[PDB]
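The file start_13.txt comes next; it holds compact mmCIF, C-alpha atoms.
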```txt
# COMPACT_ATOMS: atom_id res chain seq x y z
CA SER M 1 94.72 101.26 117.19
CA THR M 2 94.73 104.17 114.78
CA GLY M 3 92.84 105.37 111.73
CA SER M 4 93.70 107.73 108.88
CA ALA M 5 91.32 108.98 106.21
CA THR M 6 91.56 111.58 103.49
CA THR M 7 89.05 114.42 103.58
CA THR M 8 88.16 116.19 100.34
CA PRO M 9 86.53 119.55 99.59
CA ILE M 10 83.02 119.19 98.13
CA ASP M 11 83.52 122.04 95.69
CA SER M 12 85.94 124.66 94.40
CA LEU M 13 85.26 126.96 97.37
CA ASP M 14 85.96 124.44 100.16
CA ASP M 15 82.37 124.91 101.33
CA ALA M 16 82.70 121.66 103.30
CA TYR M 17 84.80 118.50 103.38
CA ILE M 18 83.76 114.88 102.96
CA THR M 19 85.46 111.80 104.34
CA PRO M 20 84.59 108.24 103.34
CA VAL M 21 83.14 106.09 106.11
CA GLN M 22 82.40 102.37 106.02
CA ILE M 23 79.10 101.38 107.63
CA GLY M 24 77.72 97.88 108.04
CA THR M 25 78.54 94.40 106.78
CA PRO M 26 79.33 94.19 103.93
CA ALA M 27 80.62 97.74 104.05
CA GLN M 28 78.44 100.54 102.69
CA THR M 29 80.71 103.52 102.05
CA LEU M 30 79.16 106.93 102.61
CA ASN M 31 80.88 110.31 102.35
CA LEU M 32 80.29 112.12 105.61
CA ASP M 33 80.92 115.67 106.81
CA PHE M 34 83.11 115.34 109.90
CA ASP M 35 81.77 117.99 112.27
CA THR M 36 83.59 118.93 115.48
CA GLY M 37 80.63 121.21 116.29
CA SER M 38 78.03 118.46 116.70
CA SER M 39 77.75 114.98 118.12
CA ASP M 40 75.40 112.89 115.96
CA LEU M 41 76.48 110.43 113.25
CA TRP M 42 73.53 110.53 110.88
CA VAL M 43 73.10 109.31 107.33
CA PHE M 44 70.82 109.49 104.35
CA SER M 45 69.18 106.08 104.25
CA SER M 46 66.65 103.76 102.71
CA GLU M 47 64.23 105.31 105.24
CA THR M 48 64.71 108.89 104.05
CA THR M 49 61.61 110.45 102.46
CA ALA M 50 62.21 109.78 98.76
CA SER M 51 61.52 113.34 97.59
CA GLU M 52 64.24 114.49 100.00
CA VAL M 53 66.96 112.33 98.44
CA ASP M 54 68.67 113.87 95.40
CA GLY M 55 71.87 112.06 94.46
CA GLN M 56 73.20 111.09 97.89
CA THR M 57 74.44 107.61 98.67
CA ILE M 58 72.13 105.93 101.20
CA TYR M 59 72.69 103.49 104.03
CA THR M 60 70.35 100.51 103.82
CA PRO M 61 70.34 98.82 107.22
CA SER M 62 68.38 95.82 105.97
CA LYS M 63 71.41 94.92 103.79
CA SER M 64 73.77 94.98 106.76
CA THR M 65 74.07 91.74 108.72
CA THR M 66 75.47 93.66 111.69
CA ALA M 67 72.75 96.36 111.83
CA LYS M 68 70.37 96.29 114.77
CA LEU M 69 67.48 98.66 115.31
CA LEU M 70 67.94 100.54 118.57
CA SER M 71 64.45 100.01 119.88
CA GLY M 72 62.47 103.15 120.61
CA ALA M 73 65.33 105.53 119.81
CA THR M 74 64.79 108.66 117.76
CA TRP M 75 66.87 111.73 116.98
CA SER M 76 66.31 115.24 115.73
CA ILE M 77 68.87 117.98 115.22
CA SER M 78 68.91 121.60 114.12
CA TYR M 79 72.16 123.24 113.08
CA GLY M 80 73.40 126.80 113.45
CA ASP M 81 72.86 127.41 109.74
CA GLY M 82 69.14 126.61 110.03
CA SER M 83 69.28 123.13 108.52
CA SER M 84 67.85 120.07 110.27
CA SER M 85 67.24 116.32 110.06
CA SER M 86 65.61 113.57 112.13
CA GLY M 87 64.85 109.85 112.21
CA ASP M 88 65.50 106.55 114.01
CA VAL M 89 68.63 104.74 115.13
CA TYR M 90 70.55 101.58 114.38
CA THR M 91 73.74 100.27 115.88
CA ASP M 92 76.25 98.93 113.37
CA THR M 93 79.93 98.60 112.61
CA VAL M 94 81.57 101.84 111.51
CA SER M 95 85.12 102.19 110.20
CA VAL M 96 87.08 105.34 109.37
CA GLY M 97 90.43 105.01 107.68
CA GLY M 98 91.02 101.53 109.10
CA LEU M 99 89.74 102.25 112.63
CA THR M 100 86.67 100.18 113.50
CA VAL M 101 83.97 100.71 116.14
CA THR M 102 81.37 98.03 116.70
CA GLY M 103 77.99 99.00 118.07
CA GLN M 104 78.20 102.59 116.86
CA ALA M 105 74.91 104.49 116.86
CA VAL M 106 74.09 105.22 113.22
CA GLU M 107 71.22 107.68 113.06
CA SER M 108 69.10 106.98 110.01
CA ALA M 109 67.35 110.01 108.53
CA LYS M 110 63.63 109.81 107.87
CA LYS M 111 63.53 113.55 107.11
CA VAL M 112 66.17 116.08 106.06
CA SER M 113 65.82 119.80 105.35
CA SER M 114 66.16 121.25 101.87
CA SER M 115 69.80 122.31 102.18
CA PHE M 116 70.82 118.69 102.80
CA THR M 117 68.72 117.44 99.88
CA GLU M 118 70.23 120.09 97.64
CA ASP M 119 73.78 119.03 98.42
CA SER M 120 74.32 115.77 96.56
CA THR M 121 77.91 115.42 97.80
CA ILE M 122 77.19 115.01 101.54
CA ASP M 123 75.70 111.67 102.60
CA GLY M 124 75.45 112.63 106.28
CA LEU M 125 77.42 113.97 109.23
CA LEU M 126 79.87 112.41 111.66
CA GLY M 127 79.88 114.42 114.86
CA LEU M 128 83.11 114.89 116.81
CA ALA M 129 82.04 117.31 119.55
CA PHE M 130 81.32 115.98 123.03
CA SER M 131 78.72 113.23 123.44
CA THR M 132 76.71 115.42 125.83
CA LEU M 133 75.33 117.14 122.68
CA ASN M 134 74.11 113.90 121.08
CA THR M 135 70.39 114.17 120.33
CA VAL M 136 69.31 110.52 120.56
CA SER M 137 66.32 110.03 122.81
CA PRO M 138 65.50 108.51 125.27
CA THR M 139 69.05 107.15 125.63
CA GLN M 140 71.81 109.51 124.50
CA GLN M 141 74.47 107.87 122.34
CA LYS M 142 78.24 108.25 122.09
CA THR M 143 80.22 109.72 119.19
CA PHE M 144 82.52 107.63 117.05
CA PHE M 145 85.54 109.19 118.79
CA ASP M 146 84.10 108.58 122.24
CA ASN M 147 83.53 104.91 121.36
CA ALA M 148 86.99 104.48 119.82
CA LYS M 149 88.95 106.44 122.41
CA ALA M 150 89.94 103.74 124.85
CA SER M 151 91.26 101.57 122.00
CA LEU M 152 93.31 104.32 120.39
CA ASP M 153 97.08 104.47 120.84
CA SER M 154 96.55 108.03 122.15
CA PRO M 155 93.10 109.54 122.89
CA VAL M 156 93.29 112.15 120.14
CA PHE M 157 92.18 112.96 116.63
CA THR M 158 93.66 115.54 114.28
CA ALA M 159 92.23 117.69 111.52
CA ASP M 160 94.47 118.73 108.66
CA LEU M 161 92.16 120.42 106.18
CA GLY M 162 93.47 121.51 102.81
CA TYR M 163 93.01 124.79 100.96
CA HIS M 164 91.52 123.84 97.60
CA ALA M 165 93.05 120.40 98.15
CA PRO M 166 92.51 117.17 100.07
CA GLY M 167 93.61 116.81 103.68
CA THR M 168 93.52 114.26 106.47
CA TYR M 169 91.70 113.19 109.61
CA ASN M 170 93.83 110.97 111.85
CA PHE M 171 92.64 109.07 114.90
CA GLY M 172 94.89 107.90 117.68
CA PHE M 173 98.22 109.47 116.69
CA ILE M 174 99.92 112.75 115.81
CA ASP M 175 101.69 112.74 112.45
CA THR M 176 104.80 114.74 113.25
CA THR M 177 105.57 115.15 109.53
CA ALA M 178 102.28 116.99 108.89
CA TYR M 179 103.15 120.33 110.49
CA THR M 180 106.02 122.78 110.93
CA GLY M 181 107.47 124.01 114.22
CA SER M 182 105.70 123.00 117.42
CA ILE M 183 102.13 122.33 118.42
CA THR M 184 100.84 124.89 120.93
CA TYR M 185 98.22 123.50 123.25
CA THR M 186 95.48 125.58 124.81
CA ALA M 187 92.72 124.98 127.37
CA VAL M 188 89.27 123.73 126.42
CA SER M 189 85.94 124.22 128.12
CA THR M 190 83.48 121.40 127.50
CA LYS M 191 80.65 123.16 129.36
CA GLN M 192 78.66 123.81 126.16
CA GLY M 193 79.65 120.47 124.64
CA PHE M 194 82.03 122.06 122.12
CA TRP M 195 85.79 122.23 121.63
CA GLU M 196 85.64 125.72 123.11
CA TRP M 197 88.86 127.67 123.64
CA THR M 198 90.16 131.23 123.92
CA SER M 199 92.32 132.80 121.24
CA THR M 200 94.82 135.36 122.50
CA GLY M 201 94.20 137.90 119.75
CA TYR M 202 94.55 138.79 116.10
CA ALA M 203 96.31 140.79 113.40
CA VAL M 204 95.18 141.99 109.98
CA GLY M 205 97.75 141.66 107.21
CA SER M 206 101.13 142.98 108.28
CA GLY M 207 99.52 144.99 111.07
CA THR M 208 100.35 144.85 114.75
CA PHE M 209 98.96 142.05 116.86
CA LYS M 210 96.05 142.98 119.11
CA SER M 211 96.12 141.06 122.38
CA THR M 212 92.53 140.29 123.29
CA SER M 213 90.72 137.18 124.48
CA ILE M 214 88.36 135.66 121.92
CA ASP M 215 86.34 132.70 123.17
CA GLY M 216 85.14 130.44 120.38
CA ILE M 217 84.74 126.90 119.09
CA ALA M 218 86.91 124.82 116.81
CA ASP M 219 84.27 123.70 114.31
CA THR M 220 85.18 121.70 111.22
CA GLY M 221 81.50 121.65 110.20
CA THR M 222 81.29 125.41 109.75
CA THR M 223 82.73 126.86 106.55
CA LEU M 224 83.68 130.36 107.62
CA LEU M 225 85.39 132.22 110.44
CA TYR M 226 82.87 134.05 112.65
CA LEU M 227 84.33 136.63 115.03
CA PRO M 228 83.21 139.68 117.01
CA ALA M 229 81.98 142.61 114.94
CA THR M 230 84.86 144.81 116.07
CA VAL M 231 87.43 142.31 114.77
CA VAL M 232 85.59 141.71 111.51
CA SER M 233 85.21 145.45 110.87
CA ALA M 234 88.93 145.94 111.42
CA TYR M 235 89.67 143.23 108.84
CA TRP M 236 87.35 144.45 106.09
CA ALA M 237 88.39 148.07 106.59
CA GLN M 238 91.67 147.02 104.97
CA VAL M 239 89.91 145.97 101.75
CA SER M 240 88.93 148.82 99.43
CA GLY M 241 85.25 148.69 98.61
CA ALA M 242 84.36 146.03 101.17
CA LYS M 243 81.06 146.52 102.97
CA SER M 244 78.53 144.65 105.05
CA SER M 245 75.45 143.91 102.98
CA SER M 246 72.23 143.07 104.83
CA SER M 247 70.69 141.89 101.55
CA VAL M 248 73.51 139.41 100.87
CA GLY M 249 73.94 138.46 104.53
CA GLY M 250 77.42 139.63 105.40
CA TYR M 251 80.56 141.30 104.23
CA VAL M 252 81.15 141.41 100.51
CA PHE M 253 84.11 142.79 98.61
CA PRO M 254 85.14 143.57 95.04
CA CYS M 255 86.28 140.39 93.38
CA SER M 256 89.23 142.39 91.98
CA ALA M 257 90.67 142.89 95.49
CA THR M 258 93.79 141.30 96.89
CA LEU M 259 92.79 140.21 100.40
CA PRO M 260 95.08 140.65 103.39
CA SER M 261 95.95 137.75 105.64
CA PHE M 262 94.41 137.28 109.07
CA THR M 263 96.41 136.05 112.05
CA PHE M 264 94.93 134.53 115.21
CA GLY M 265 96.71 133.80 118.47
CA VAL M 266 97.01 130.45 120.19
CA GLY M 267 98.81 131.22 123.41
CA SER M 268 102.03 132.94 122.37
CA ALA M 269 101.84 131.23 118.95
CA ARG M 270 100.33 132.66 115.77
CA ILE M 271 98.37 131.02 112.95
CA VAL M 272 98.34 132.95 109.68
CA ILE M 273 95.34 132.58 107.36
CA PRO M 274 96.43 133.68 103.87
CA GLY M 275 94.22 136.25 102.17
CA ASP M 276 93.13 133.85 99.45
CA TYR M 277 91.54 131.56 102.10
CA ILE M 278 89.10 134.38 102.85
CA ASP M 279 87.73 134.57 99.26
CA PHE M 280 84.42 132.71 98.81
CA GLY M 281 83.83 133.95 95.29
CA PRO M 282 80.98 135.69 93.50
CA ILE M 283 77.79 136.18 95.51
CA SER M 284 75.89 134.91 92.47
CA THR M 285 77.14 133.50 89.19
CA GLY M 286 78.82 136.19 87.12
CA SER M 287 78.81 138.84 89.85
CA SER M 288 81.89 140.98 90.55
CA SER M 289 80.91 141.16 94.21
CA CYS M 290 82.57 138.40 96.23
CA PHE M 291 81.56 136.90 99.57
CA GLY M 292 83.95 137.20 102.50
CA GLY M 293 85.28 134.32 104.53
CA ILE M 294 85.44 136.28 107.77
CA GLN M 295 82.02 137.32 109.06
CA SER M 296 80.49 138.71 112.23
CA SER M 297 79.35 136.33 114.96
CA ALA M 298 77.00 138.98 116.36
CA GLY M 299 73.65 137.27 116.71
CA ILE M 300 75.14 133.75 116.53
CA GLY M 301 75.93 133.98 120.22
CA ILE M 302 79.31 132.32 119.85
CA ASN M 303 82.51 132.85 117.88
CA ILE M 304 83.31 130.05 115.45
CA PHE M 305 86.75 129.04 114.23
CA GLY M 306 85.42 127.24 111.16
CA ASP M 307 87.24 125.81 108.17
CA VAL M 308 88.69 129.15 107.03
CA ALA M 309 90.71 129.22 110.25
CA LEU M 310 91.28 125.52 110.85
CA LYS M 311 92.58 124.81 107.34
CA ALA M 312 95.49 127.19 108.04
CA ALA M 313 96.62 124.84 110.84
CA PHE M 314 97.27 121.31 111.92
CA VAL M 315 94.76 120.88 114.72
CA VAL M 316 94.89 118.38 117.59
CA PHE M 317 91.65 117.51 119.33
CA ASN M 318 93.04 115.99 122.54
CA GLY M 319 90.41 113.88 124.26
CA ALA M 320 92.45 113.16 127.37
CA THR M 321 90.65 113.25 130.74
CA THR M 322 91.08 117.02 130.61
CA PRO M 323 90.64 117.82 126.93
CA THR M 324 92.83 120.39 125.18
CA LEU M 325 93.30 121.72 121.65
CA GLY M 326 96.60 121.98 119.81
CA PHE M 327 97.46 124.17 116.84
CA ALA M 328 100.53 124.13 114.61
CA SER M 329 101.43 125.93 111.43
CA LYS M 330 101.91 123.72 108.38
```

Let's see the structure in the file written out as structure tokens.
Amino acid sequence: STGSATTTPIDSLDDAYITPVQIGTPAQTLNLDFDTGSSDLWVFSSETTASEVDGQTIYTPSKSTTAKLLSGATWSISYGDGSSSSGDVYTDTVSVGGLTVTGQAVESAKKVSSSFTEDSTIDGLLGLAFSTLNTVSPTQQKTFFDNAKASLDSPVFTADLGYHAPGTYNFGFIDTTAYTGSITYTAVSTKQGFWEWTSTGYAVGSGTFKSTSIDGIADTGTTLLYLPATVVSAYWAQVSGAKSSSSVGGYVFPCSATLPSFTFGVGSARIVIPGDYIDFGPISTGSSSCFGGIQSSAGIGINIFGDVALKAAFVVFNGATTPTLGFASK
């Protein structure tokens, strides 16, 4: 089997991407944030504290003839950005772009943190990291991909995120028309439960490539590109007036700037992030100070190849017995 679904930016900045997901019988369609940095499929629901729901579409398990309460199971997750959610668990039928899993754990939120409430466009998350990170207790549950894998034509999914435009998540096949040149594959460590890999280096604009190993995670659920402070400083030094602002929370730059591109290495291959991908707009409405899309990972504890990086590529998440990642230009 295969599946193919369009993923759409939630706003004009590509702050996140939503993909429609069918849950239950009859189908209840929710728009979920596909997150290769986590491993829980959780949804706003009829059980979510009412004051914490503000415009989201909810899953109502009592209206699904295929929903079954997973007795005794609870979940609770905290994300790198400080947000969190928790609740109980159903199993139900879940379909993405024509690919169906029966008995998928659907984690129903009883509580969500303010940032989730405040984002009306995201109805929940669909985790695509390794199932070892799944938070369901006392019996850990499998991700949608993990459940689908054996049925797929090939045990892979691909992320093709757009810049200011829709893109595609495919399951079970590689669309050879969706990228240019070749896909370069690179080793993955699953030891921390992430799609963790090592970039071979970087360049800023038309500058020379610096060969240096950068370990980090391919994370579709993180907006920006978080890299070591040395790398980030080298980038922003090429933008007149750019500075790191403790009050804002990272590098800012004059909105009148033309940003240079940023290149990262995948083996001997190179992915070029155009300068415009690195512009996240005014820090506050009407400001002429703009927020940068490349930020320091110092104090995160890990480098994160988030959407800023991934949207410059066609990305293969290869869930073979020994997982690997593939990157192509597009």

Neighbour residues at most 8 Å from (72.2, 107.7, 108.4) (all atoms listed in the file) as a PyMOL selection string: chain M and resi 41-45+58-59+106-109+123-124

Given all atoms listed in the file as the counted atoms, nearest of M:110, M:142, M:311, M:68 to residue 130 of chain M: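 Smallest distance to residue 130 of chain M is found for M:142.
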
Answer as a VMD selection string, residues within 12 Å of (84.8, 120.3, 94.1) using only C-alpha atoms: chain M and resid 7 to 18 119 to 122 163 to 166

Between atom CA of residue 308 of chain M and atom CA of residue 79 of chain M - distance in Å to one decimal: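 Computed distance, atom CA of residue 79 of chain M to atom CA of residue 308 of chain M, equals 18.6 Å.
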
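Candidate residues M:268, M:100, M:256, M:6 were compared for distance to residue 281 of chain M, and the nearest is M:256, using all atoms listed in the file.
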
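Minimum atom-to-atom distance to residue 274 of chain M, evaluated using only C-alpha atoms, belongs to M:310 out of M:310, M:304, M:105, M:5.
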
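Atom CA of residue 229 of chain M lies 26.4 Å from atom CA of residue 314 of chain M.
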
Long-range neighbours of residue 20 of chain M as an MDAnalysis selection string, 12 Å cut-off, all atoms listed in the file, 6 positions minimum in chain: chainID M and resid 4:8 27:34 57 94:98 121:126 168:169

Who sits within 6 Å of residue 264 of chain M, only C-alpha atoms, same chain under 2 positions skipped, as a ChimeraX atom specification: /M:201-202,270-271

Could you give me the axis-aligned bounding box of segment 287-299 of chain M, with 8 Å of padding per side, as centre plus edge lengths in Å to one decimal, as lines of an AutoDock Vina configuration file?
```
center_x = 79.5
center_y = 137.7
center_z = 103.3
size_x = 27.8
size_y = 22.8
size_z = 42.9
```

Neighbour list for residue 245 of chain M as a count of residues only, cut-off 12 Å, only C-alpha atoms, skip fewer than 2 positions in-chain: 17

Which residues come within 12 Å of residue 179 of chain M, counting all atoms listed in the file, excluding same-chain residues fewer than 3 positions away, as an mmCIF file with C-alpha atoms, in the coordinates of the input?
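Resulting contents of out_5.cif:
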```cif
data_model
loop_
_atom_site.group_PDB
_atom_site.id
_atom_site.type_symbol
_atom_site.label_atom_id
_atom_site.label_comp_id
_atom_site.auth_asym_id
_atom_site.auth_seq_id
_atom_site.Cartn_x
_atom_site.Cartn_y
_atom_site.Cartn_z
ATOM 1 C CA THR M 158 93.660 115.540 114.280
ATOM 2 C CA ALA M 159 92.230 117.690 111.520
ATOM 3 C CA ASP M 160 94.470 118.730 108.660
ATOM 4 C CA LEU M 161 92.160 120.420 106.180
ATOM 5 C CA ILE M 174 99.920 112.750 115.810
ATOM 6 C CA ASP M 175 101.690 112.740 112.450
ATOM 7 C CA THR M 176 104.800 114.740 113.250
ATOM 8 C CA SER M 182 105.700 123.000 117.420
ATOM 9 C CA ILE M 183 102.130 122.330 118.420
ATOM 10 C CA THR M 184 100.840 124.890 120.930
ATOM 11 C CA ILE M 271 98.370 131.020 112.950
ATOM 12 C CA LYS M 311 92.580 124.810 107.340
ATOM 13 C CA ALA M 312 95.490 127.190 108.040
ATOM 14 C CA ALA M 313 96.620 124.840 110.840
ATOM 15 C CA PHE M 314 97.270 121.310 111.920
ATOM 16 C CA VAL M 315 94.760 120.880 114.720
ATOM 17 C CA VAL M 316 94.890 118.380 117.590
ATOM 18 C CA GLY M 326 96.600 121.980 119.810
ATOM 19 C CA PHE M 327 97.460 124.170 116.840
ATOM 20 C CA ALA M 328 100.530 124.130 114.610
ATOM 21 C CA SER M 329 101.430 125.930 111.430
ATOM 22 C CA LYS M 330 101.910 123.720 108.380
#
```

Point-to-point distance in Å for atom CA of residue 89 of chain M and atom CA of residue 323 of chain M: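 It comes out at 28.2 Å.
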
Distance criterion (only C-alpha atoms): nearest to residue 114 of chain M out of M:267, M:82, M:193, M:216: M:82

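The nearest approach to residue 134 of chain M among the residues M:80, M:61, M:172, M:37, with all atoms listed in the file taken into account, belongs to M:37.
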
Residue nearest residue 220 of chain M among M:279, M:78, M:152, M:195 (counting all atoms listed in the file): M:195

Test item: residues at most 10 Å from residue 324 of chain M, all atoms listed in the file, excluding those fewer than 6 positions along its chain, as a ChimeraX atom specification: /M:156,185-190,195-197,316-318
